[PDB]
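# Coordinate inspection notes
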Amino acid sequence: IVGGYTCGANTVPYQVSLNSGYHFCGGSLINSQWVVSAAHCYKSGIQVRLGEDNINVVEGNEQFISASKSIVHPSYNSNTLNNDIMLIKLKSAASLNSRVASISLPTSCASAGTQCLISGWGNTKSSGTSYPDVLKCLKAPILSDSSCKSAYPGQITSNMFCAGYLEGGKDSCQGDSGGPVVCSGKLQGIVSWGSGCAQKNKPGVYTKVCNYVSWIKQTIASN
Ligand SMILES: [Ca+2]
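In the nomenclature of the PDB entry, the protein corresponds to Cationic trypsin from the organism Bos taurus. Its official PDB title, as written in the record, is "Crystal structure of Trypsin complexed with 4-aminopyridine". Taken directly from UniProt, the Subcellular location text for the protein runs: "Secreted, Extracellular space". Here the protein is described in UniProt, under the heading Sequence similarities, as follows: "Belongs to the peptidase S1 family."

For the rest of this paragraph, the subject is the domain arrangement of the protein. According to the domain assignment, the protein contains domain 1 (1-12 + 103-210) and domain 2 (13-102 + 211-222). For domain 1 and domain 2, the distance between their C-alpha centres works out to 17 Å. Between domain 1 and domain 2, the residue contacts involve 37 residues of the former and 38 residues of the latter. At the boundary of domain 1 with domain 2, total buried surface from both sides reaches about 2,900 Å², with 55% on carbon and sulfur atoms. Considering only the side of domain 1, the residues that lose the most area to domain 2 are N10, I103 and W121, jointly responsible for 26% of the buried surface there. Counting the contacts that link domain 1 with domain 2 gives zero salt bridges. The interface formed by domain 1 and domain 2 contains 23 residue pairs in polar contact. Counting only elements with at least two residues in the side of domain 1 that touches domain 2, the list comes to β8 (115-120), β11 (180-183), β12 (186-193) and β13 (204-208). For the side of domain 1 that touches domain 2, the element with the most residues is β12, which contributes five residues.

Right, let's talk about the coordination of the calcium ion for a bit. Donor atoms from the polypeptide that bind the calcium ion are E52 (OE), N54 (O), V57 (O) and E62 (OE), placed at 2.2 to 2.3 Å. Here the donor residues for the calcium ion map to a single chain with the spacing E-x1-N-x2-V-x4-E. What makes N54 buried here is its relative accessible area of 14%.

About the thresholds
Residues numbered from 1 in each chain as written, not as in the entry; some residues may be left out. Heavy atoms only, no water. UniProt positions renumbered as here; feature names shortened; annotations may be inferred. Domains from an automatic or database assignment. Contact = heavy atoms within 4.5 Å. Buried area = accessible area lost by both parts, 1.4 Å probe. Salt bridge = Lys/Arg side-chain N within 4 Å of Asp/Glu carboxyl O. Polar contact = N/O pair within 3.5 Å; in protein donor to acceptor, adjacent residues only side chain to side chain. Helix = DSSP H or I, 4+ residues; strand = E, 2+ residues; numbered from the N terminus. Donors = N, O, S within 2.8 Å, 3.2 Å for Na, K, Ca; no water. Buried < 20%, exposed > 50% of the residue type's maximum accessible area, 1.4 Å probe, protein only.

Set out below in structure tokens:
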């Protein structure tokens, strides 16, 4: 997250870190056994880390649970990033509490102008490179489809939306991939892609989660 703030320990209780020897992506806990992330975060050997603040220090509220299976969306295209969503099942159910909690799926799509919370352990620099140990947060509005498409000609599908600031300065970045965009207590987005970070007229692009609620529910119900 570039131009954000330190969230505070365990203040975003649905935020997970995906770890394969090191943090490589964010995710969102949606029930005791399932995490939603980006399809471009797919790899084998995933351990889900819940209750994290400082990802380099064991602080006492963590749960480390190996993934038993991952399910990339059937229509995910890695070239265009259309349908950039994946589900990860935990080998055992997380113990849910005030600091490890699921986030509700949307029942309807959120509108341009809706204020959301974006979070992650990604790069905090737009030019250089600096990775935080503690979770960073950004409050950002959803941008209109027209402004999103104008920012990225030929690249925005019906499964994507822009959030952030056309002036730049505040954005998601490398390492935030797969993490949450939460608006009014609902998971509306997944950190998907952008052109650099916090650049003028290049806001972050997010997977439009409301399009996938039926797929998420039916997949969970049979796996
Ligand atoms: Ca920790």
